[PDB]
Amino acid sequence: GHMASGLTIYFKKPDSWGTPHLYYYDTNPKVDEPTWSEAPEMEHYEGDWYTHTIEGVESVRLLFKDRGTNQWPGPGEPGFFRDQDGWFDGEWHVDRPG
């Protein structure tokens, strides 16, 4: 068959945040998972939207963070579970809000 598949996630970065990164763990199927500090950069998409695709995954647990001390959630919170692509602005949407 075949194409590049997985979980695409778009993040509307808060303006106070520095460069956005995507931290994710318990992947399924199991795939190399990043360090908290080695989390992939979220490439700029448009406006305050940033994006990143985890290849090969059907579900993941995720948090957004910057290269400083910001994150969402939310110190003491577990990751967001996903399962599906991918637009977060404070709420999850499957397609771009608007």
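Just so you know, these numbers use all the heavy atoms, side chains as well, and skip hydrogens, waters and symmetry mates. We number each residue from 1, following the sequence as shown.
- Cluster annotation: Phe80 and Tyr50 are assigned to the same hydrophobic cluster (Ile/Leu/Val/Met/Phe/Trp/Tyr, side-chain heavy-atom contacts under 4.5 Å, transitive).
- Residues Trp72 and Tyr24 share a hydrophobic cluster, clusters being chains of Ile/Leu/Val/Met/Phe/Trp/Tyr side chains in contact below 4.5 Å.
- To the nearest 0.5 Å, atom CG of residue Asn28 and atom CG of residue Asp83 are 10.5 Å apart.
- The hydrophobic cluster containing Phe88 also contains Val57, counting ILVMFWY residues as joined when their side-chain heavy atoms lie under 4.5 angstrom apart, directly or transitively.
- In this structure, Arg67 places its CZ atom where only 12 or fewer heavy-atom neighbours from other residues, nucleotides or ligands lie under 6.0 Å away.
- Nearest heavy-atom pair across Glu55 and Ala4 is OE2-CA, 4.4 Å.
- For the atom pair NE2 (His52) and CD1 (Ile54), the distance works out to 5.5 Å, reported to the nearest 0.5 Å.
- Partners of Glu38 by side chain to side chain donor-acceptor pair (under 3.5 Å), not counting sequence neighbours: none found.
- Shortest non-hydrogen contact noted between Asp89 and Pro97 is OD2-CG, 3.5 Å.
- Residues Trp87 and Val94 approach most closely at CD1-O, 3.3 Å, considering heavy atoms.
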Exercise. Go through the steps for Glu43 and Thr51 under the test side chain to side chain contact (heavy atoms under 4.5 Å, CB included), then give the verdict.
Key: CA-CA 5 Å; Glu43 3 122 352; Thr51 181; 3.1 Å; yes

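- Nearest heavy atoms, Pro29 versus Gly56: CG-O, 3.2 Å.
- Residues satisfying the side chain to side chain donor-acceptor pair (under 3.5 Å) test with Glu41, not counting sequence neighbours, are none.
- There is a path of hydrophobic side-chain contacts, each under 4.5 Å, that joins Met42 to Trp92.
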Exercise. Apply side chain to side chain contact (heavy atoms under 4.5 Å, CB included) to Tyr25 and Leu63, showing your working.
Key: CA-CA 9 Å; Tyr25 56 101; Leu63 300 106; 4.0 Å; yes

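- The distance from atom OG1 of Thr27 to atom CG of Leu62, rounded to the nearest 0.5 Å, is 12.0 Å.
- From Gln71, atom CD reaches atom OH of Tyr23 across 11.0 Å, with rounding to the nearest 0.5 Å.
- Summarising the geometry of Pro78 relative to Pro73, their closest heavy-atom pair is O-CG, 3.9 Å, with the distance given to 0.1 Å.
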Table please: side-chain donor-acceptor pairs of residues 5-22 below 3.5 Å, with sequence neighbours left out.
from, atom 1, to, atom 2, distance (Å)
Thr8, OG1, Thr53, OG1, 2.8
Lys13, NZ, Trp17, O, 2.7
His21, ND1, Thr19, O, 3.1

